[PDB]
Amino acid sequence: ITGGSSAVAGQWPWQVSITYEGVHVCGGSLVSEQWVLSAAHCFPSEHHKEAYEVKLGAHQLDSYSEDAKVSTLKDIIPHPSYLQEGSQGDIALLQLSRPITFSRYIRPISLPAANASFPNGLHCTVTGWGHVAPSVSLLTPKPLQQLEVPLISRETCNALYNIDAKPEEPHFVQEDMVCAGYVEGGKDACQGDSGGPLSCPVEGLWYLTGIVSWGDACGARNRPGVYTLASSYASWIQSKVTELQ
């Protein structure tokens, strides 16, 4: 997260760290006792399931905490529609090897219905332990970073991404995607933040509106963060989790 600030411990109790061979690679969101939502691109097919971990209830990643819990995975389920970087269906269900117990630091985030609308300009928050500027790691002890970002429609976002665009690149915001951020630079999600939550406030609660997907160099002007809409996968998630509950 660039241009953000340190969250307080336990402020975003659904935020998880996802590691591969012990190294933080992506964020994710706890959605029940045994399921985490993240981005499909965080889990390439050649990676071994047994090499992944999920760390829950953490604030400072490098610090020891009696409140943090670490789990391995029983299953990794990317949406079948996911193909390459930038494509639709950039969402994955992760089943923990065993269910965990909720605590003051470990709590699930409510999922939006298929027809939940979050209005343009709604001030949501994106969180993560990703880079704090292009190619600059968050410094040890790595406290969780947070950033308020207003929602930006895919249509405006596509227009923004078309400004000074690299010809050879797709930067197409798909029908299952939304953006959030600022036309000017400075404040955005970065590498290491992907797969994590865009939490939006509705009727006294917080919903998982978006899963950090992709973007240009983080914090560049005309390049706000791109998110997969959880609403686009409401039915699929409910089906998968119920069959495998």
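Residues carry their position along the shown sequence, with the first being 1.
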| item | value |
| --- | --- |
| Higher-B stretch (mean Cα B-factor, as the entry records it), 97-105 or 78-86 | 78-86 |
| Of 8-16 and 217-225, the stretch whose C-alpha atoms average the higher B-factor in the entry | 217-225 |
| Given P44, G57, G210, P201, the residue at which the Cα B factor reaches its maximum | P44 |
| Member of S135, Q146, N120, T156 with the greatest C-alpha B factor (per the PDB record) | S135 |
| Entry-reported Cα temperature factor of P150, expressed as the chain third it lands in | lowest |
| Ranked C-alpha temperature factor of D193 among modelled chain residues, by third | lowest |
| Chain-wide C-alpha B factor ranking for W129, given as lowest, middle or highest third | lowest |
| Ranked against its chain, the third holding the CA B-factor of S63 | highest |
| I163 CA temperature factor, ranked by third within the chain | highest |
